[PDB]
Amino acid sequence: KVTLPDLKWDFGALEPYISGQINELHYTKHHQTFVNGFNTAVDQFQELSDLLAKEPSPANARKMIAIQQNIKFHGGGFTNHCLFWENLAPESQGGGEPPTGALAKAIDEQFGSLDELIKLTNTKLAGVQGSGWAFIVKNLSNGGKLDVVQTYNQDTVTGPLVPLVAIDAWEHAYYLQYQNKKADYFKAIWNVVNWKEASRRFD
Amino acid sequence: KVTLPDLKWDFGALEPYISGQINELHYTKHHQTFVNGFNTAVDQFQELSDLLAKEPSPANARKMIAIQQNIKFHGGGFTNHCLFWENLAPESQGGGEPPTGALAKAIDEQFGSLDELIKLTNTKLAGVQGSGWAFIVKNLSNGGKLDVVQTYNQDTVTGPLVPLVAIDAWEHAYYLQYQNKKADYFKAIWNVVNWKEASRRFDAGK
Amino acid sequence: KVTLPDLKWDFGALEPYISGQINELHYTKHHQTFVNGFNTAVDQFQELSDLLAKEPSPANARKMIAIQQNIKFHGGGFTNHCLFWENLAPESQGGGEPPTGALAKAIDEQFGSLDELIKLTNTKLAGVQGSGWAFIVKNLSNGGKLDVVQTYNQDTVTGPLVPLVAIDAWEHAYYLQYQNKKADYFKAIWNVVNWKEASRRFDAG
Amino acid sequence: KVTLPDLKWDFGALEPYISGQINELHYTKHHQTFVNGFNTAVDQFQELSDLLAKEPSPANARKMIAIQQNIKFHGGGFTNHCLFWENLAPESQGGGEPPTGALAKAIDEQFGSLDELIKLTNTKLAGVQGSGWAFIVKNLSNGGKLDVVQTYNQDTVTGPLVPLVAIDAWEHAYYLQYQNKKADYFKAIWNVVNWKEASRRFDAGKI
Ligand SMILES: [Mn+2]
Ligand SMILES: [Mn+2]
Ligand SMILES: [Mn+2]
Ligand SMILES: [Mn+2]
């Protein structure tokens, strides 16, 4: 049974970049809905699993196939929002302060500067043509190299792709404050990105 | 724990339309690989389910998201092939004979002939731009109306769409015999399609 | 060069079901963005097509492939929003009024009633796990039968699937008013659905 | 108008790793079908582009949307197979020989050896659940780093992802010889992979 994570900060602590009103809806409604949905999907799985254990028919297997989609969507929503709240911080807690050490060295070697990496990430975020996410990741299969990937809907990065920074590009992440001006939101969010958490995930 | 279904015919019973060589590989290698993969994926999800119970973190949830792709692909392969073997028959068991009853009535009402429906399905099969399936389905949500749908890979039709005829368009279903001439296989398979089974599925709504 | 269509009503004409603030953004910002994007994508096709004619290399073919996504997305945005505005109307213009004729008869035959069809469509809209659309369509390949289909992003219905009603399930279509309660928006929109335009599409299809 | 490229080797030159029967069908039937399809899709799109120029309706835009799927699939099939033939060579033409220069340096930096890069690529290939490809790529957006990506069907790597080695995982690429034993084919193909072409692509930063 999963639960909404505690937040490290108050709803309004990321203003003016992300409003408190968005945070409260995003956290208490959207995220909570993925929590509930994920729990329901795993219960339904459990039941189907027992059922198939005693009656391993094609019909029952098809029934499981049906639930897989909800496990993926709600699991993805749950995990992605947990990641998101953890890589956000108010400036008083280090939000927007550039990373140090190994991550900073890697960013410098690959992208030239933090500014370049961020510019690339915002171009990726703008390029999500639908609902989705952008992730700065460490690829453990190619020598631990940084990349920026896009996912759609609540798809997430798994296995050898370690998420370092997750940025939400669903319209509900910004619409009440920015409406259609999503570029302004993509630009503004970096002032409250927690690069300390990014460095921790990198380690 | 699922297993390969019993076949209603021997591997060579669909000759010359589908070779015995193909049927033997298709059943004993491909379908068996789906059976194994589905069993493994389901077991792994049980394991991760307990792990998530003990420690309901985003990391463990992430792992479950990883396993669902395998449950979907292998589950889909298992179930789709089961449907497939059940809607094929040799001519001695009614393969290639036209459907009966309400299904035939539906086909006449919607397509005007069985030939129109088969032509539509073959066009759908040719249109699968990859590995996939075509299904003739009964749509339970729109008053039980017949339609033809494509899926890719091992995706299947679920919910309100009841598969009546599954046709496999993965290359392994025909390559040894027809090679690149997939149109010839799509054309030839209708001689061994079991419309008796299709009628049954139509009438049952499952 | 495609352009925004003229709306048959002012932005605030669908209240209280759809805010005028929403319609104004949805039309002037979002849809316009699809118009501009589609024009850009078609011109880029022209350019790459000449490029490919002069040098039909794998590299240039690879560029062609690259533009296809924008063609699909912006083309879809343009088309879908045109359909959308055309099947909405204020109640004063017959919004929410039930369909007549052949469409009405087919609906009764297939779904039992207009209410059952609307419920099915709302279930499909709720089922869009992401941004997307639902369409009520006439299927020309199976004898002209009605169906409800979902699409994601700006994917649309083509070929034998004639769109009769399109409903937008992207958050920008409802968020400023309904926020997370998308089900309330899905339920409310039918009060301004133009079923006469649906009937005309059905007969012409 | 695209055309079937010239091969740099005879159909039976990659035996016993890939049969002559396979290469002949793969080239003269499958790839040719992509050539024909891509030319036809491009023609049809030009036609609809003209019609749209005179009649900019949502209906015509819907027809355009329908065509672009064919442009994607056939364009992909065409490009992916051109890549494929160019990164294959018989052993006497240097197939199976390790890459040199900048590519070799990058490979040893990120993977330690060609060994592990090939192992990674084989796991990716086995992981294609349907028809598709694996590509060893140079990512131009992250400082030029190597990676291995999967695509399904005739999807291809575009933009910052530059294909260095393309391996075909469609069943027609191996079934006549290996049937269901796809891992045997993925293992065997490396004996006739042309790393000199891969190095040329890495150095050039494009195909
Ligand atoms: Mn969100
Ligand atoms: Mn099969
Ligand atoms: Mn919209
Ligand atoms: Mn191929």
# chains A, B, ... in the order shown; residues from 1 in each chain; ligands from 1
>>> select_by_dssp(residues="range 26-123 of chain A", states="helix (DSSP H, G or I)", output="ChimeraX atom specification")
/A:26-54,58-86,91-93,101-111,114-123
>>> residues_near_ligand(ligand="ligand 1", cutoff="10 Å", atoms="only C-alpha atoms and all ligand atoms", output="ChimeraX atom specification")
/A:23,25-27,29-31,34,77-78,80-81,84,131-133,153-154,167-174
>>> select_by_dssp(residues="chain A", states="strand (DSSP E)", output="VMD selection string")
chain A and resid 132 to 139 145 to 152 161 to 168
>>> closest_residue(among="B:130, B:87, B:153, B:33", to="ligand 4", atoms="only C-alpha atoms and all ligand atoms")
B:130
>>> residues_near_ligand(ligand="ligand 3", cutoff="7 Å", atoms="only C-alpha atoms and all ligand atoms", output="ChimeraX atom specification")
/C:26,30,81,168,170,172-173
>>> residues_near_ligand(ligand="ligand 2", cutoff="8 Å", atoms="only C-alpha atoms and all ligand atoms", output="list in words")
residues 26, 30, 31, 77, 81, 168, 169, 170, 171, 172 and 173 of chain B
>>> write_last_selection(atoms="N, CA and C atoms", output="JSON list (two decimals), in the first residue's frame")
[["chain", "number", "residue", "atom", "x", "y", "z"],
["B", 26, "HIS", "N", 5.81, -22.93, -34.67],
["B", 26, "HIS", "CA", 4.91, -21.92, -34.14],
["B", 26, "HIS", "C", 4.36, -22.30, -32.77],
["B", 30, "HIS", "N", 7.52, -20.81, -30.48],
["B", 30, "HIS", "CA", 7.01, -19.47, -30.18],
["B", 30, "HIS", "C", 5.98, -19.44, -29.03],
["B", 31, "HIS", "N", 4.93, -20.25, -29.17],
["B", 31, "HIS", "CA", 3.87, -20.23, -28.18],
["B", 31, "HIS", "C", 4.38, -20.70, -26.82],
["B", 77, "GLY", "N", 0.89, -12.73, -26.11],
["B", 77, "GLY", "CA", 1.29, -13.84, -26.96],
["B", 77, "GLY", "C", 0.59, -15.16, -26.62],
["B", 81, "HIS", "N", -2.22, -16.56, -29.32],
["B", 81, "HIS", "CA", -2.03, -17.86, -29.97],
["B", 81, "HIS", "C", -3.10, -18.88, -29.62],
["B", 168, "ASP", "N", -2.78, -14.25, -37.47],
["B", 168, "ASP", "CA", -1.43, -13.85, -37.09],
["B", 168, "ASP", "C", -0.69, -13.28, -38.29],
["B", 169, "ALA", "N", -0.13, -12.08, -38.19],
["B", 169, "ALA", "CA", 0.64, -11.56, -39.32],
["B", 169, "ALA", "C", 2.11, -11.38, -38.95],
["B", 170, "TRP", "N", 2.54, -11.96, -37.83],
["B", 170, "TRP", "CA", 3.98, -12.04, -37.57],
["B", 170, "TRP", "C", 4.61, -12.87, -38.67],
["B", 171, "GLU", "N", 5.82, -12.51, -39.10],
["B", 171, "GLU", "CA", 6.47, -13.22, -40.20],
["B", 171, "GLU", "C", 6.68, -14.71, -39.93],
["B", 172, "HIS", "N", 6.84, -15.08, -38.66],
["B", 172, "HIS", "CA", 7.06, -16.51, -38.36],
["B", 172, "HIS", "C", 5.83, -17.38, -38.67],
["B", 173, "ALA", "N", 4.67, -16.76, -38.90],
["B", 173, "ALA", "CA", 3.46, -17.53, -39.23],
["B", 173, "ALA", "C", 3.46, -18.01, -40.68]]
>>> residues_around(residues="range 40-57 of chain B", least_positions_apart="4", cutoff="12 Å", atoms="only C-alpha atoms", output="MDAnalysis selection string")
(chainID A and resid 1:5 35 38:39 41:50 52:53 56 61 64:65 68 71 75 78:80 82:83) or (chainID B and resid 1:2 33:36 61:75)
>>> atom_distance(atom1="CA of residue 148 in chain B", atom2="CA of residue 27 in chain B")
25.0 Å
>>> residues_near_ligand(ligand="ligand 4", cutoff="12 Å", atoms="only C-alpha atoms and all ligand atoms", output="PyMOL selection string")
(chain B and resi 130+171+180) or (chain D and resi 22-34+74+76-85+131-134+152-155+166-175)
>>> atom_distance(atom1="CA of residue 108 in chain B", atom2="CA of residue 17 in chain B")
26.2 Å
>>> closest_atom_pairs(of="chain D", to="chain A", cutoff="12 Å", atoms="only C-alpha atoms", output="tab-separated table")
residue	atom	partner	partner_atom	distance
D:106	CA	A:143	CA	10.4
D:107	CA	A:142	CA	9.1
D:108	CA	A:143	CA	9.9
D:109	CA	A:143	CA	7.7
D:110	CA	A:143	CA	4.5
D:111	CA	A:143	CA	6.1
D:112	CA	A:143	CA	8.7
D:113	CA	A:143	CA	11.4
D:114	CA	A:142	CA	12.0
D:116	CA	A:142	CA	9.7
D:117	CA	A:142	CA	8.3
D:118	CA	A:142	CA	11.7
D:119	CA	A:141	CA	10.8
D:120	CA	A:141	CA	7.6
D:121	CA	A:141	CA	10.3
D:123	CA	A:141	CA	11.1
D:124	CA	A:141	CA	10.9
D:136	CA	A:142	CA	10.7
D:137	CA	A:142	CA	10.9
D:138	CA	A:142	CA	11.1
D:139	CA	A:147	CA	8.8
D:140	CA	A:110	CA	10.0
D:141	CA	A:111	CA	7.7
D:142	CA	A:110	CA	5.4
D:143	CA	A:110	CA	4.4
D:144	CA	A:110	CA	7.9
D:145	CA	A:145	CA	7.4
D:146	CA	A:142	CA	6.8
D:147	CA	A:142	CA	5.8
D:148	CA	A:142	CA	8.0
D:149	CA	A:142	CA	11.0
D:160	CA	A:120	CA	11.5
D:161	CA	A:147	CA	11.6
>>> write_last_selection(atoms="N, CA and C atoms", output="mmCIF file, in the first residue's frame")
data_model
loop_
_atom_site.group_PDB
_atom_site.id
_atom_site.type_symbol
_atom_site.label_atom_id
_atom_site.label_comp_id
_atom_site.auth_asym_id
_atom_site.auth_seq_id
_atom_site.Cartn_x
_atom_site.Cartn_y
_atom_site.Cartn_z
ATOM 1 N N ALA D 106 36.315 6.199 -28.089
ATOM 2 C CA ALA D 106 35.044 6.398 -27.394
ATOM 3 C C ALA D 106 34.484 5.093 -26.828
ATOM 4 N N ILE D 107 34.541 4.037 -27.638
ATOM 5 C CA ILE D 107 34.099 2.722 -27.219
ATOM 6 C C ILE D 107 34.876 2.222 -26.001
ATOM 7 N N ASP D 108 36.202 2.346 -26.019
ATOM 8 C CA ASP D 108 36.974 1.908 -24.859
ATOM 9 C C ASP D 108 36.717 2.786 -23.619
ATOM 10 N N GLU D 109 36.466 4.074 -23.830
ATOM 11 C CA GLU D 109 36.135 4.981 -22.727
ATOM 12 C C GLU D 109 34.804 4.657 -22.040
ATOM 13 N N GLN D 110 33.773 4.376 -22.834
ATOM 14 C CA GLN D 110 32.446 4.168 -22.261
ATOM 15 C C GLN D 110 32.138 2.718 -21.908
ATOM 16 N N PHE D 111 32.715 1.780 -22.665
ATOM 17 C CA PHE D 111 32.425 0.355 -22.511
ATOM 18 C C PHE D 111 33.647 -0.496 -22.141
ATOM 19 N N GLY D 112 34.837 0.103 -22.146
ATOM 20 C CA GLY D 112 36.054 -0.641 -21.852
ATOM 21 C C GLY D 112 36.552 -1.414 -23.061
ATOM 22 N N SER D 113 35.651 -2.169 -23.688
ATOM 23 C CA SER D 113 35.986 -2.912 -24.892
ATOM 24 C C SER D 113 34.781 -3.119 -25.803
ATOM 25 N N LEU D 114 35.063 -3.452 -27.062
ATOM 26 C CA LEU D 114 34.035 -3.706 -28.067
ATOM 27 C C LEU D 114 33.131 -4.845 -27.609
ATOM 28 N N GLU D 116 31.879 -5.631 -24.629
ATOM 29 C CA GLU D 116 30.755 -5.250 -23.789
ATOM 30 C C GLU D 116 29.743 -4.424 -24.564
ATOM 31 N N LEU D 117 30.210 -3.646 -25.538
ATOM 32 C CA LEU D 117 29.275 -2.913 -26.395
ATOM 33 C C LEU D 117 28.410 -3.900 -27.193
ATOM 34 N N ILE D 118 29.042 -4.941 -27.736
ATOM 35 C CA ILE D 118 28.317 -5.957 -28.476
ATOM 36 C C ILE D 118 27.353 -6.717 -27.555
ATOM 37 N N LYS D 119 27.801 -7.053 -26.342
ATOM 38 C CA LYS D 119 26.916 -7.705 -25.365
ATOM 39 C C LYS D 119 25.674 -6.855 -25.065
ATOM 40 N N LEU D 120 25.899 -5.571 -24.812
ATOM 41 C CA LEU D 120 24.790 -4.645 -24.599
ATOM 42 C C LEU D 120 23.846 -4.645 -25.807
ATOM 43 N N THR D 121 24.409 -4.549 -27.011
ATOM 44 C CA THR D 121 23.567 -4.492 -28.207
ATOM 45 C C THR D 121 22.744 -5.771 -28.382
ATOM 46 N N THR D 123 21.684 -7.766 -25.942
ATOM 47 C CA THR D 123 20.577 -7.726 -24.981
ATOM 48 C C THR D 123 19.447 -6.813 -25.480
ATOM 49 N N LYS D 124 19.799 -5.651 -26.048
ATOM 50 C CA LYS D 124 18.783 -4.759 -26.639
ATOM 51 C C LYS D 124 18.012 -5.433 -27.767
ATOM 52 N N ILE D 136 23.507 1.170 -32.616
ATOM 53 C CA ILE D 136 24.569 1.853 -31.878
ATOM 54 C C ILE D 136 24.633 3.261 -32.458
ATOM 55 N N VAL D 137 24.463 4.247 -31.571
ATOM 56 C CA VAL D 137 24.347 5.656 -31.944
ATOM 57 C C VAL D 137 25.356 6.568 -31.258
ATOM 58 N N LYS D 138 25.641 7.690 -31.921
ATOM 59 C CA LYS D 138 26.343 8.800 -31.302
ATOM 60 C C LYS D 138 25.286 9.864 -31.027
ATOM 61 N N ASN D 139 25.122 10.211 -29.754
ATOM 62 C CA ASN D 139 24.196 11.268 -29.329
ATOM 63 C C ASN D 139 24.906 12.611 -29.383
ATOM 64 N N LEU D 140 24.471 13.457 -30.320
ATOM 65 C CA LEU D 140 25.088 14.753 -30.577
ATOM 66 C C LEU D 140 24.640 15.824 -29.585
ATOM 67 N N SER D 141 23.681 15.503 -28.719
ATOM 68 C CA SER D 141 23.149 16.508 -27.792
ATOM 69 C C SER D 141 23.763 16.416 -26.392
ATOM 70 N N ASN D 142 24.445 15.313 -26.097
ATOM 71 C CA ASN D 142 25.022 15.123 -24.765
ATOM 72 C C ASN D 142 26.559 15.098 -24.758
ATOM 73 N N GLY D 143 27.165 15.734 -25.764
ATOM 74 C CA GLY D 143 28.614 15.759 -25.879
ATOM 75 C C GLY D 143 29.156 14.664 -26.781
ATOM 76 N N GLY D 144 28.292 14.098 -27.620
ATOM 77 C CA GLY D 144 28.721 13.094 -28.578
ATOM 78 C C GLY D 144 28.852 11.696 -28.011
ATOM 79 N N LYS D 145 28.039 11.344 -27.023
ATOM 80 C CA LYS D 145 28.319 10.070 -26.352
ATOM 81 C C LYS D 145 27.667 8.860 -27.044
ATOM 82 N N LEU D 146 28.307 7.700 -26.948
ATOM 83 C CA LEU D 146 27.757 6.474 -27.544
ATOM 84 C C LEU D 146 26.608 5.914 -26.711
ATOM 85 N N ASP D 147 25.658 5.270 -27.387
ATOM 86 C CA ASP D 147 24.576 4.591 -26.684
ATOM 87 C C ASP D 147 23.970 3.550 -27.600
ATOM 88 N N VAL D 148 23.101 2.704 -27.056
ATOM 89 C CA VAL D 148 22.396 1.719 -27.888
ATOM 90 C C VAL D 148 20.891 1.909 -27.706
ATOM 91 N N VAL D 149 20.181 2.057 -28.820
ATOM 92 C CA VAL D 149 18.744 2.319 -28.761
ATOM 93 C C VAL D 149 17.966 1.252 -29.536
ATOM 94 N N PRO D 160 19.511 14.340 -33.267
ATOM 95 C CA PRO D 160 20.788 14.207 -32.561
ATOM 96 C C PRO D 160 21.263 12.757 -32.449
ATOM 97 N N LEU D 161 20.381 11.787 -32.670
ATOM 98 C CA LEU D 161 20.805 10.391 -32.575
ATOM 99 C C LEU D 161 21.290 9.900 -33.937
#
>>> closest_residue(among="B:194, B:23, B:142, B:80", to="chain A", atoms="only C-alpha atoms")
B:80
>>> interface_residues(of="chain C", to="chain D", cutoff="9 Å", atoms="only C-alpha atoms", output="ChimeraX atom specification")
/C:1-3,42,45-46,49,52-53,55-59,61-66,68-69,71-73,75-76,78-80,82-83,155-159
